[PDB]
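**Q** The structure that follows is given in the form of structure tokens.
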Amino acid sequence: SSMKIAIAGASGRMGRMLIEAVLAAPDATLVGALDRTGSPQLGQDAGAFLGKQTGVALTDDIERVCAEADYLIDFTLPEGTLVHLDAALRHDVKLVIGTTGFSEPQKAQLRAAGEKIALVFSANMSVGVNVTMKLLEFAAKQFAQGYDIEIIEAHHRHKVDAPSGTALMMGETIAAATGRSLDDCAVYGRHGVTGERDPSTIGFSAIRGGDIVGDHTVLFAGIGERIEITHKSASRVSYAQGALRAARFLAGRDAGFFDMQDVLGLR
Amino acid sequence: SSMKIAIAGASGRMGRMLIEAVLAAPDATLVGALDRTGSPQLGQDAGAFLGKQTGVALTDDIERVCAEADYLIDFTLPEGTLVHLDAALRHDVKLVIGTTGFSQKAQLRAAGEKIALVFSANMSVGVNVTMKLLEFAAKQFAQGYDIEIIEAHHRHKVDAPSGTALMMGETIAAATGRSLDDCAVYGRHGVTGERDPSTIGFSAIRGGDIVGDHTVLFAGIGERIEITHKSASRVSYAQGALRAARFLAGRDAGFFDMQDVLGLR
Amino acid sequence: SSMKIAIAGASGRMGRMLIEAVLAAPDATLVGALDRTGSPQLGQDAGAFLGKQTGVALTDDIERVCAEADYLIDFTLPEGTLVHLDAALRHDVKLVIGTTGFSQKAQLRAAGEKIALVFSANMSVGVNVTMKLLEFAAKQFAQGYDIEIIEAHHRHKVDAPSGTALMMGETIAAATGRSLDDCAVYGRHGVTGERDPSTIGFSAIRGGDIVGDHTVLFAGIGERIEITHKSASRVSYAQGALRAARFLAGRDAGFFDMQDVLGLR
Amino acid sequence: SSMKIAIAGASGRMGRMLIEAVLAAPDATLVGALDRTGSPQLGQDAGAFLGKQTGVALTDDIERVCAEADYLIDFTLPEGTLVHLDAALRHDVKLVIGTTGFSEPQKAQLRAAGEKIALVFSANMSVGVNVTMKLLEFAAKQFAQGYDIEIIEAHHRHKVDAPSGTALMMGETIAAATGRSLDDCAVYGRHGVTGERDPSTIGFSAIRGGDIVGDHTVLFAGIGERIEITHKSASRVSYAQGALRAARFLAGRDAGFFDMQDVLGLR
Ligand SMILES: [Cl-]
Ligand SMILES: [Cl-]
Ligand SMILES: [Cl-]
Ligand SMILES: [Cl-]
Ligand code: NA
Ligand code: NA
Ligand code: NA
Ligand code: NA
Ligand code: NA
Ligand code: NA
């Protein structure tokens, strides 16, 4: 019953989180750990960073790892993942792709791959965030009248874009729940004489500082009451957890392109 | 076409909020303002406290009010409310009852044979909707999330945790066919050890004049999801009462609660 | 020995809260309840709305009230308040003024030559104390902490950020000899780039009937420290007014604010 | 002007955070990295976990590291730290000790050491927490009447003790600010008919779940208003930051036993 899993970018912060997750999962075993060709770390035990001698040495031999693994979990770089994709296809590996920054042709390449292998690709592998979108969708219909909708988001001192993509996705989900679009009703920050708030407005506030990983709150502010739905990310560790649920979903599947909506039965 | 609404206990704190909500609702008109025989406000314009003139004078005349109104919204006392019910029964009034609570509940379910009424102890849109949000969230986070319910109330609240927090617990427990009696931990203290993943832990904060905050925390590996309801005051029940009246506009007779009102059951 | 206190605008929302606070304070006694000539409540017991009998009947008689009271607490309108001030000047009343605001401030600083009075737009213990907490925190977190001020108010609030949030910013800026005009960023949106460590960023949330929440976040590497003030209603100003009266008990004449009252400057 | 710093337990999670902090600090250089004798990791570059070849190899030679370093930062184990202490004394090293679980004789050993070397020892190296205690002290005097004081604390699913030591320290600080003691006024959790709240009570609530590192809130609940002072720890990274401020304080000191109150000028 036990998933034979390889992890890509095994020396990276994400790869290390994925390794600790695989080791801890009772229904998975770590059988491969890849790092780039020429990495100083090649030859080290995958678990050396933690307490453990896993007996799995970091290697750059993509072919052997794909031969020996049934699953590869990959949160690295688009061109790196595409190299892994070709091996995954020839070796019939089930693939969980948490990498980001693909072009449209590359994304379509991943879908095409889904005709031959089973894979999950998602921009957000978090159980929490994906469920929160569905919660927001129900809340936006139930609170469609009498509630002013505000989206408040906090991230670290280096985030260059306001509001975050997650906040924007949340806004779109909320707008669509009543057949609207965001750019009709979105207000981004407020300064000066902003006047009476229009009841249809979706107001965004973007807080920035420290090393905050990402907090997102949707506030439904009514007359005499408030309802808040908040997601707090403490670290990329939550992506490792969703990646394993993705692997468990893929265990039942022969071929197909899937996202986290499929994995979580949300769609 | 606008709902012709009367308000009971009209010079009281809750009555005033109801009057405010009826005037502000663009589909409701105030036609009656009922108060006790012993009220010092009889004869005054229902809106005077707002500096408005409504054409509606506070009266103790239960009969005239019920004859003249299509709806009566009543958040008063059981005795006065049951007197109001008999008059509603005779005049075919759609009744919205925010009173709490009495044995007595039987008589007003029995009234639903002849008139349309809504009764609920919690007439807030927010709390009722939140209950259904928890049901979905409990199923979706059934694995990997430690569930904690945190509730805050005023310095005079005698019971912990709140009945609302308990309802949240039961809803959550039930969403996976469970009972709260199997998994509840209330106000932990001392050496409690490794938290069991199935536990629902309750925390009860007491102080000041906090009207009532309720948070359900789903605490997972690397992340947390929180669903919070904050009550600022009884004004939210006045908003819910108006939705109750709107629902009742379509109904001939029957006993209903906020679930029916909001289309949730 | 208990403070002999009169309340202005006694049948209004704020007047009622003041009456409540005076009765509840174990060192204060209600001796006067003043209202407008045009009030429909004259003659009624000041406590009737509470189901209490105080021995104090609502009157428009400014002269008698000031003659009979040692203190007058007044949160009404400038015109009525300035009429109240002249009577306080003639009867040596200790005046607590929550009214806002008028040009007019000059006359009531000038009144401090002859009587003892407190004037403040923000009569809350919590907000004034929080201001001094921020001063200490800004100095201690002067290096390594990004400072963000987050404020929430109701759907009708026209200005952003709130004046309170601005005062918090200025206090923080000043704690390191700085100006807010040098470092403030209000409502960021779009590509804003690397946050400058000196920036004080303001966020303004608007919706519902939120009375006013203000949070100062100190966001550091691995940790955050938050200092938050939440106003539920004007009842907190009634509490502050009573502390103002207590402070005034010791004073012969003089113009004072909440800083003096709470011993903060 | 640049502090020559060695880090103990260089393969541990804390040691790794301390290494990244030293590397990033503009006024410090990493000159030594210690790990236990027999560690598999001996010989590796201290920065291999990050992107960087620091040229500092992990070693178990305590003598050489203390000879070459001016500062040693040590968040390891009490018996390990005591071995380091003796080297620190013979080599005149400035010591920052973040280790915990010492006995009273051992603590007194650290103080005695302070006659010969300059050192910082503290149970909490966080700037945030230490400043928060002082904030709480001022707030407790200002809010001494009319405010119900509640302490709410959240930690991970494995914390066995409720409330946390930090919460208890917060309670004691608050009680002392009006000449009281905690065990006279503390109420720990609430269940059942608890009755009218006594205005002097300090009520504690302990929330448990997930991997929450530690949130602490003091609530001053008044009539018509609330004042909250909250400290959120995201990770042990904040201890690394306070350890460096400790090193900077120690740069000016020849000998002496110091804690974070000294380091931050709070006392
Ligand atoms: Cl707006
Ligand atoms: Cl009535
Ligand atoms: Cl008046
Ligand atoms: Cl208690
Ligand atoms: Na495993
Ligand atoms: Na209306
Ligand atoms: Na359940
Ligand atoms: Na009194
Ligand atoms: Na400053
Ligand atoms: Na450095």
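Within each chain, counting starts at residue 1; across the structure tokens, chains are named A, B, ... in the order shown, with ligands numbered 1 upward in that order.
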Which residues are close to residue 56 (chain A), i.e. within 8 Å by only C-alpha atoms, leaving aside same-chain residues fewer than 5 positions away? Reply as a list in words.
**A**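 After dropping sequence-adjacent residues, the list is residues 30, 31, 32, 33, 45, 46 and 47 of chain A.
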**Q** 10 Å from ligand 4 is the threshold here; counting only C-alpha atoms and all ligand atoms, which polymer residues fall inside it? Answer as a ChimeraX atom specification.
**A** /B:155-158,160,204-207 /D:148,150,185-191,193-204
**Q** How would the residues just picked look written out with C-alpha atoms as a CSV table (one decimal), in the first residue's frame?
**A**
chain,number,residue,atom,x,y,z
B,155,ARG,CA,-17.7,40.0,32.5
B,156,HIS,CA,-21.3,39.0,33.5
B,157,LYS,CA,-21.6,35.8,31.4
B,158,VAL,CA,-22.1,32.9,33.8
B,160,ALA,CA,-18.7,28.6,29.6
B,204,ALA,CA,-13.8,30.9,26.9
B,205,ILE,CA,-12.5,34.5,27.3
B,206,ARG,CA,-14.5,36.7,29.8
B,207,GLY,CA,-14.2,40.4,30.3
D,148,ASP,CA,-10.6,42.6,33.0
D,150,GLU,CA,-7.2,37.9,30.0
D,185,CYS,CA,-5.9,35.9,41.1
D,186,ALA,CA,-5.2,33.4,38.3
D,187,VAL,CA,-8.0,31.4,36.7
D,188,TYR,CA,-6.9,28.6,34.3
D,189,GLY,CA,-9.4,27.7,31.7
D,190,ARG,CA,-13.2,28.0,32.3
D,191,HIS,CA,-15.9,25.3,32.0
D,193,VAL,CA,-21.1,27.8,35.7
D,194,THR,CA,-18.2,30.1,36.4
D,195,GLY,CA,-20.4,33.0,37.7
D,196,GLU,CA,-19.8,36.7,37.6
D,197,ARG,CA,-16.1,37.5,36.8
D,198,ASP,CA,-14.2,39.0,39.6
D,199,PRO,CA,-12.5,42.3,38.5
D,200,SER,CA,-9.2,41.2,39.9
D,201,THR,CA,-9.0,37.8,38.1
D,202,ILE,CA,-6.3,37.1,35.5
D,203,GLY,CA,-7.9,34.5,33.1
D,204,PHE,CA,-5.7,32.2,31.0
**Q** From the DSSP assignment of the backbone, select every residue of region 5-206 of chain B that is strand (DSSP E), and format the answer as number ranges by chain.
**A** B: 5-7, 28-33, 71-74, 94-97, 116-119, 146-153, 159-160, 184-186, 190-191, 200-206
**Q** So which one's closest to ligand 5, A:232, A:208, A:4, A:13? Using only C-alpha atoms and all ligand atoms, please.
**A**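 Ranked by minimum distance to ligand 5, first place goes to A:4.
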**Q** For ligand 5, return the neighbouring residues as a PyMOL selection string (distance at most 6 Å; only C-alpha atoms and all ligand atoms).
**A** chain A and resi 22-29
**Q** Can I get the residues close to ligand 6 as a PyMOL selection string, where close means within 6 Å and we count only C-alpha atoms and all ligand atoms?
**A** chain B and resi 22-29
**Q** Using only N, CA, C and O atoms, please write the residues we just selected to a file, as a PDB file, in the first residue's frame.
**A**
ATOM      1  N   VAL B  22     -36.727  49.375  10.133  1.00  0.00           N
ATOM      2  CA  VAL B  22     -37.937  49.456   9.292  1.00  0.00           C
ATOM      3  C   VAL B  22     -37.917  50.735   8.437  1.00  0.00           C
ATOM      4  O   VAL B  22     -38.254  50.720   7.239  1.00  0.00           O
ATOM      5  N   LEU B  23     -37.522  51.850   9.037  1.00  0.00           N
ATOM      6  CA  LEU B  23     -37.478  53.098   8.265  1.00  0.00           C
ATOM      7  C   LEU B  23     -36.403  53.011   7.182  1.00  0.00           C
ATOM      8  O   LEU B  23     -36.634  53.392   6.030  1.00  0.00           O
ATOM      9  N   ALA B  24     -35.237  52.481   7.538  1.00  0.00           N
ATOM     10  CA  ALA B  24     -34.122  52.394   6.594  1.00  0.00           C
ATOM     11  C   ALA B  24     -34.383  51.382   5.450  1.00  0.00           C
ATOM     12  O   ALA B  24     -33.888  51.555   4.335  1.00  0.00           O
ATOM     13  N   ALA B  25     -35.153  50.328   5.721  1.00  0.00           N
ATOM     14  CA  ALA B  25     -35.438  49.323   4.680  1.00  0.00           C
ATOM     15  C   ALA B  25     -36.287  49.967   3.569  1.00  0.00           C
ATOM     16  O   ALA B  25     -37.370  50.465   3.845  1.00  0.00           O
ATOM     17  N   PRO B  26     -35.815  49.956   2.306  1.00  0.00           N
ATOM     18  CA  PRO B  26     -36.620  50.694   1.315  1.00  0.00           C
ATOM     19  C   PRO B  26     -37.918  49.990   0.912  1.00  0.00           C
ATOM     20  O   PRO B  26     -38.681  50.554   0.138  1.00  0.00           O
ATOM     21  N   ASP B  27     -38.152  48.776   1.414  1.00  0.00           N
ATOM     22  CA  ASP B  27     -39.356  47.998   1.087  1.00  0.00           C
ATOM     23  C   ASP B  27     -40.265  47.783   2.320  1.00  0.00           C
ATOM     24  O   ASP B  27     -41.168  46.945   2.284  1.00  0.00           O
ATOM     25  N   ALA B  28     -40.021  48.531   3.400  1.00  0.00           N
ATOM     26  CA  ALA B  28     -40.843  48.453   4.617  1.00  0.00           C
ATOM     27  C   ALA B  28     -41.341  49.828   5.025  1.00  0.00           C
ATOM     28  O   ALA B  28     -40.624  50.797   4.849  1.00  0.00           O
ATOM     29  N   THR B  29     -42.546  49.888   5.600  1.00  0.00           N
ATOM     30  CA  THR B  29     -43.126  51.113   6.117  1.00  0.00           C
ATOM     31  C   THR B  29     -43.567  50.833   7.541  1.00  0.00           C
ATOM     32  O   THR B  29     -44.187  49.799   7.817  1.00  0.00           O
TER      33      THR B  29
END
**Q** When the cut-off is 12 Å and you count only C-alpha atoms and all ligand atoms, which residues lie near ligand 7, shown as a ChimeraX atom specification?
**A** /B:134-148,168-180,182-184,197-200,218
**Q** Store the residues of this selection in a file with N, CA, C and O atoms, as a compact mmCIF listing (two decimals), in the first residue's frame.
**A**
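As a result, selection-v4.txt now contains:
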# COMPACT_ATOMS: atom_id res chain seq x y z
N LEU B 134 -19.25 26.20 8.70
CA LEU B 134 -18.53 25.26 9.58
C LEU B 134 -18.78 23.82 9.18
O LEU B 134 -17.89 22.98 9.26
N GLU B 135 -20.01 23.54 8.78
CA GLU B 135 -20.36 22.22 8.34
C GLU B 135 -19.49 21.79 7.14
O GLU B 135 -18.90 20.71 7.16
N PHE B 136 -19.40 22.65 6.11
CA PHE B 136 -18.54 22.40 4.94
C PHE B 136 -17.06 22.31 5.37
O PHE B 136 -16.34 21.40 4.94
N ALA B 137 -16.61 23.26 6.20
CA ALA B 137 -15.20 23.29 6.60
C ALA B 137 -14.82 22.06 7.42
O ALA B 137 -13.76 21.50 7.22
N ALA B 138 -15.69 21.63 8.33
CA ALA B 138 -15.40 20.44 9.13
C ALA B 138 -15.19 19.20 8.25
O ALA B 138 -14.27 18.40 8.51
N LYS B 139 -15.99 19.05 7.20
CA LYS B 139 -15.84 17.88 6.32
C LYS B 139 -14.54 17.99 5.55
O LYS B 139 -13.79 17.02 5.47
N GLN B 140 -14.25 19.19 5.02
CA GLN B 140 -13.07 19.37 4.17
C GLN B 140 -11.74 19.26 4.92
O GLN B 140 -10.74 18.83 4.37
N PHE B 141 -11.75 19.71 6.18
CA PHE B 141 -10.61 19.64 7.07
C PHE B 141 -10.75 18.49 8.06
O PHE B 141 -10.21 18.55 9.16
N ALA B 142 -11.45 17.42 7.68
CA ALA B 142 -11.63 16.30 8.60
C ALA B 142 -10.32 15.59 8.94
O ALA B 142 -10.19 14.99 9.99
N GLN B 143 -9.31 15.68 8.07
CA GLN B 143 -8.02 15.05 8.37
C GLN B 143 -6.93 16.12 8.38
O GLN B 143 -6.91 17.00 7.51
N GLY B 144 -6.06 16.06 9.40
CA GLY B 144 -4.88 16.90 9.50
C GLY B 144 -5.04 18.25 10.21
O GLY B 144 -4.06 18.96 10.36
N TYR B 145 -6.24 18.60 10.65
CA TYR B 145 -6.47 19.92 11.26
C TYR B 145 -7.02 19.77 12.66
O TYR B 145 -8.06 19.17 12.84
N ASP B 146 -6.31 20.31 13.64
CA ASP B 146 -6.81 20.35 15.02
C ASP B 146 -7.85 21.46 15.16
O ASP B 146 -7.56 22.61 14.90
N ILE B 147 -9.04 21.11 15.65
CA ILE B 147 -10.16 22.05 15.68
C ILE B 147 -10.32 22.68 17.05
O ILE B 147 -10.57 21.97 18.02
N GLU B 148 -10.22 24.01 17.12
CA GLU B 148 -10.30 24.74 18.40
C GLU B 148 -11.39 25.79 18.27
O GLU B 148 -11.48 26.45 17.24
N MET B 168 -21.73 25.35 17.59
CA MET B 168 -20.64 25.24 16.60
C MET B 168 -19.93 23.90 16.75
O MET B 168 -19.68 23.23 15.76
N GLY B 169 -19.65 23.52 17.99
CA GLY B 169 -19.01 22.24 18.27
C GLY B 169 -19.84 21.07 17.76
O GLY B 169 -19.31 20.20 17.07
N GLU B 170 -21.13 21.07 18.10
CA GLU B 170 -22.04 19.99 17.69
C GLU B 170 -22.15 19.87 16.17
O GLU B 170 -22.12 18.77 15.64
N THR B 171 -22.28 21.01 15.48
CA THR B 171 -22.32 21.08 14.01
C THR B 171 -21.04 20.45 13.43
O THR B 171 -21.10 19.58 12.54
N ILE B 172 -19.89 20.88 13.95
CA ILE B 172 -18.60 20.34 13.56
C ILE B 172 -18.51 18.83 13.85
O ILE B 172 -18.16 18.05 12.97
N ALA B 173 -18.84 18.43 15.08
CA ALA B 173 -18.81 17.02 15.46
C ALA B 173 -19.69 16.22 14.51
O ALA B 173 -19.27 15.19 13.99
N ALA B 174 -20.90 16.72 14.27
CA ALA B 174 -21.87 16.00 13.44
C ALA B 174 -21.43 15.88 11.99
O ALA B 174 -21.73 14.89 11.35
N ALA B 175 -20.72 16.88 11.47
CA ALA B 175 -20.29 16.84 10.08
C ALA B 175 -19.49 15.57 9.76
O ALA B 175 -19.46 15.15 8.60
N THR B 176 -18.87 14.95 10.77
CA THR B 176 -18.31 13.58 10.62
C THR B 176 -18.98 12.52 11.52
O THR B 176 -18.30 11.65 12.07
N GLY B 177 -20.31 12.61 11.66
CA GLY B 177 -21.14 11.60 12.36
C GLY B 177 -20.78 11.37 13.82
O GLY B 177 -21.05 10.30 14.38
N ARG B 178 -20.17 12.38 14.43
CA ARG B 178 -19.62 12.27 15.78
C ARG B 178 -20.45 13.05 16.77
O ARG B 178 -21.37 13.82 16.40
N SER B 179 -20.12 12.84 18.04
CA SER B 179 -20.72 13.57 19.15
C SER B 179 -19.65 14.38 19.85
O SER B 179 -18.48 14.01 19.92
N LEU B 180 -20.08 15.51 20.38
CA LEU B 180 -19.21 16.41 21.09
C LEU B 180 -18.77 15.76 22.40
O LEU B 180 -17.62 15.92 22.82
N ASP B 182 -17.92 12.86 22.89
CA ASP B 182 -16.75 12.02 22.59
C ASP B 182 -15.43 12.79 22.47
O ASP B 182 -14.36 12.24 22.70
N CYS B 183 -15.49 14.06 22.11
CA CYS B 183 -14.24 14.72 21.72
C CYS B 183 -13.98 16.09 22.35
O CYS B 183 -12.92 16.71 22.10
N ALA B 184 -14.92 16.58 23.16
CA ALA B 184 -14.76 17.94 23.67
C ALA B 184 -13.78 18.02 24.84
O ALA B 184 -13.78 17.16 25.73
N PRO B 197 -5.77 14.15 17.72
CA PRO B 197 -6.21 14.86 16.50
C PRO B 197 -7.74 15.02 16.43
O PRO B 197 -8.22 15.96 15.79
N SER B 198 -8.50 14.16 17.11
CA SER B 198 -9.97 14.23 17.06
C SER B 198 -10.58 15.26 18.03
O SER B 198 -11.74 15.58 17.92
N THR B 199 -9.79 15.75 18.97
CA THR B 199 -10.28 16.65 20.03
C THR B 199 -10.81 17.95 19.44
O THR B 199 -10.24 18.50 18.46
N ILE B 200 -11.91 18.43 20.02
CA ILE B 200 -12.37 19.80 19.78
C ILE B 200 -12.20 20.55 21.09
O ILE B 200 -12.85 20.24 22.08
N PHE B 218 -9.08 26.09 12.44
CA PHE B 218 -8.57 24.80 11.95
C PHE B 218 -7.06 24.88 11.85
O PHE B 218 -6.53 25.49 10.90
**Q** Return as a ChimeraX atom specification the residues belonging to chain D that are within 10 Å of chain C, counting only C-alpha atoms.
**A** /D:126-129,131-132,134-136,138-139,142-143,146-147,214-241,264-266
**Q** State, in Å with one decimal place, the distance from CA of residue 118 (chain C) to CA of residue 37 (chain C).
**A**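 Spanning CA of residue 118 (chain C) to CA of residue 37 (chain C) is a straight-line distance of 25.7 Å.
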**Q** Please find the residues of chain C near chain B - the criterion being any atom within 10 Å, counting only C-alpha atoms - and write them as an MDAnalysis selection string.
**A** chainID C and resid 11:13 39:41 44 48:50 209:211 232:233 235
**Q** Counting only C-alpha atoms, collect the residues of chain A whose closest atom lies at most 9 Å from chain D, and write them out as a ChimeraX atom specification.
**A** /A:11-13,40-41,48-50,211-212,234
**Q** To one decimal in Å, tell me the separation between CA of residue 152 (chain B) and CA of residue 243 (chain C).
**A**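 Taking CA of residue 152 (chain B) and CA of residue 243 (chain C), their separation equals 26.7 Å.
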**Q** Report the distance between CA of residue 67 (chain D) and CA of residue 256 (chain D) in Å, rounded to one decimal place.
**A**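 Atom-to-atom, CA of residue 67 (chain D) to CA of residue 256 (chain D), that is 20.1 Å.
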**Q** Compile the contact shell of residue 19 (chain C) as a list in words: residues with an atom at most 8 Å away, counting only C-alpha atoms, same-chain residues fewer than 6 positions apart removed.
**A**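 Residues near the query, excluding close chain neighbours: residues 7, 10, 30, 46 and 47 of chain C.
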**Q** Any chance you can output those residues with N, CA, C and O atoms as a JSON list (two decimals), in the first residue's frame?
**A**
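As written to disk, out.json reads:
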[["chain", "number", "residue", "atom", "x", "y", "z"],
["C", 7, "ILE", "N", -25.77, 65.85, 34.34],
["C", 7, "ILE", "CA", -25.50, 65.42, 32.98],
["C", 7, "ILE", "C", -26.34, 66.25, 32.01],
["C", 7, "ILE", "O", -27.53, 66.41, 32.21],
["C", 10, "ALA", "N", -29.49, 64.82, 28.59],
["C", 10, "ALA", "CA", -29.71, 63.63, 29.41],
["C", 10, "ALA", "C", -30.65, 62.57, 28.81],
["C", 10, "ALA", "O", -30.54, 61.39, 29.14],
["C", 30, "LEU", "N", -25.97, 61.19, 40.93],
["C", 30, "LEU", "CA", -26.67, 62.04, 39.96],
["C", 30, "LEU", "C", -27.51, 63.06, 40.69],
["C", 30, "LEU", "O", -28.38, 62.68, 41.47],
["C", 46, "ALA", "N", -34.73, 60.74, 35.39],
["C", 46, "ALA", "CA", -33.54, 60.51, 34.57],
["C", 46, "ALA", "C", -33.24, 59.03, 34.39],
["C", 46, "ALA", "O", -32.57, 58.65, 33.42],
["C", 47, "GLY", "N", -33.73, 58.21, 35.31],
["C", 47, "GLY", "CA", -33.44, 56.78, 35.31],
["C", 47, "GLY", "C", -34.55, 55.91, 34.76],
["C", 47, "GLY", "O", -34.38, 54.69, 34.66]]
**Q** Near residue 161 (chain A), within 10 Å and counting only C-alpha atoms, which residues show up once chain neighbours fewer than 3 positions away are dropped, as a list in words?
**A**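 The residues satisfying every condition are residues 155, 158, 164, 165 and 206 of chain A; 188, 189, 190, 191, 192, 193 and 194 of chain C.
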**Q** Could you write those residues out with N, CA and C atoms, as a short mmCIF file (atom, residue, chain, number, x, y, z; two decimals), in the first residue's frame?
**A**
data_model
loop_
_atom_site.label_atom_id
_atom_site.label_comp_id
_atom_site.auth_asym_id
_atom_site.auth_seq_id
_atom_site.Cartn_x
_atom_site.Cartn_y
_atom_site.Cartn_z
N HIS A 155 2.00 40.40 3.88
CA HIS A 155 3.16 39.68 3.38
C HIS A 155 4.40 40.42 3.80
N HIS A 158 9.66 42.06 1.30
CA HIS A 158 10.19 41.96 -0.07
C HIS A 158 9.13 41.73 -1.13
N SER A 164 -1.70 40.75 -3.34
CA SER A 164 -1.10 39.47 -3.75
C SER A 164 -1.99 38.77 -4.77
N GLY A 165 -1.44 37.81 -5.49
CA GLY A 165 -2.22 37.03 -6.45
C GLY A 165 -3.34 36.28 -5.71
N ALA A 206 -3.26 46.03 1.56
CA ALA A 206 -2.06 45.23 1.48
C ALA A 206 -1.05 45.73 2.54
N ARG C 188 -1.11 51.28 -0.16
CA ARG C 188 -0.31 50.84 -1.29
C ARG C 188 -1.10 49.96 -2.26
N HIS C 189 -0.72 50.02 -3.53
CA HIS C 189 -1.36 49.26 -4.60
C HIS C 189 -0.52 49.31 -5.84
N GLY C 190 -0.40 48.17 -6.52
CA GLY C 190 0.42 48.05 -7.73
C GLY C 190 1.80 47.51 -7.36
N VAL C 191 2.77 47.68 -8.26
CA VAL C 191 4.19 47.37 -7.97
C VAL C 191 4.76 48.44 -7.02
N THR C 192 4.99 48.08 -5.76
CA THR C 192 5.55 49.04 -4.79
C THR C 192 7.02 48.79 -4.44
N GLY C 193 7.55 47.62 -4.83
CA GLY C 193 8.95 47.26 -4.59
C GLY C 193 9.33 46.93 -3.15
N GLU C 194 10.62 46.78 -2.92
CA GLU C 194 11.18 46.54 -1.59
C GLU C 194 10.70 47.62 -0.64
#
**Q** Write out as a ChimeraX atom specification the residues lying within 9 Å of residue 76 (chain A), counting only C-alpha atoms and excluding same-chain residues fewer than 2 positions away.
**A** /A:8-9,12,14-15,74,78-81,97-100
**Q** Taking 4 positions as the minimum chain separation for residues in the same chain, which residues sit within 8 Å of residue 246 (chain D) when counting only C-alpha atoms? Answer as a PyMOL selection string.
**A** chain D and resi 96+120+242+250+260+263
**Q** Would you return as a ChimeraX atom specification the members of region 59-262 of chain A that DSSP assigns to alpha helix (DSSP H) on this structure's backbone?
**A** /A:62-68,78-91,104-113,127-142,165-176,182-185,237-251,260-262
**Q** Using only C-alpha atoms and all ligand atoms, what are the residues with an atom within 7 Å of ligand 2, set out as a VMD selection string?
**A** chain B and resid 8 to 10 34 to 36 76 80
**Q** Those residues you just picked out, can you put them in a file as an mmCIF file, in the first residue's frame with N, CA, C and O atoms?
**A**
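The new file again03.cif reads:
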data_model
loop_
_atom_site.group_PDB
_atom_site.id
_atom_site.type_symbol
_atom_site.label_atom_id
_atom_site.label_comp_id
_atom_site.auth_asym_id
_atom_site.auth_seq_id
_atom_site.Cartn_x
_atom_site.Cartn_y
_atom_site.Cartn_z
ATOM 1 N N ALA B 8 -43.253 46.041 18.360
ATOM 2 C CA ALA B 8 -43.583 45.990 19.785
ATOM 3 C C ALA B 8 -42.442 46.536 20.651
ATOM 4 O O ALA B 8 -41.301 46.628 20.194
ATOM 5 N N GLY B 9 -42.757 46.900 21.903
ATOM 6 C CA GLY B 9 -41.763 47.432 22.848
ATOM 7 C C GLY B 9 -41.008 48.571 22.209
ATOM 8 O O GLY B 9 -39.786 48.704 22.367
ATOM 9 N N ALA B 10 -41.760 49.410 21.503
ATOM 10 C CA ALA B 10 -41.207 50.391 20.566
ATOM 11 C C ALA B 10 -40.340 51.502 21.191
ATOM 12 O O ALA B 10 -39.464 52.054 20.525
ATOM 13 N N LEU B 34 -46.065 49.718 19.136
ATOM 14 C CA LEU B 34 -46.746 49.268 20.342
ATOM 15 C C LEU B 34 -45.830 49.327 21.565
ATOM 16 O O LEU B 34 -44.634 48.989 21.481
ATOM 17 N N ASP B 35 -46.394 49.757 22.693
ATOM 18 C CA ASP B 35 -45.681 49.777 23.975
ATOM 19 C C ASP B 35 -46.612 49.420 25.146
ATOM 20 O O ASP B 35 -47.835 49.351 24.975
ATOM 21 N N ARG B 36 -46.023 49.199 26.327
ATOM 22 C CA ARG B 36 -46.762 48.831 27.546
ATOM 23 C C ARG B 36 -47.693 49.941 28.001
ATOM 24 O O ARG B 36 -47.374 51.122 27.835
ATOM 25 N N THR B 76 -39.852 41.217 23.028
ATOM 26 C CA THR B 76 -40.179 41.745 24.346
ATOM 27 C C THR B 76 -40.083 40.635 25.389
ATOM 28 O O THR B 76 -39.032 40.007 25.528
ATOM 29 N N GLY B 80 -46.176 39.471 27.605
ATOM 30 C CA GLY B 80 -46.574 40.421 26.582
ATOM 31 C C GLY B 80 -46.558 39.845 25.175
ATOM 32 O O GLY B 80 -47.425 40.179 24.367
#
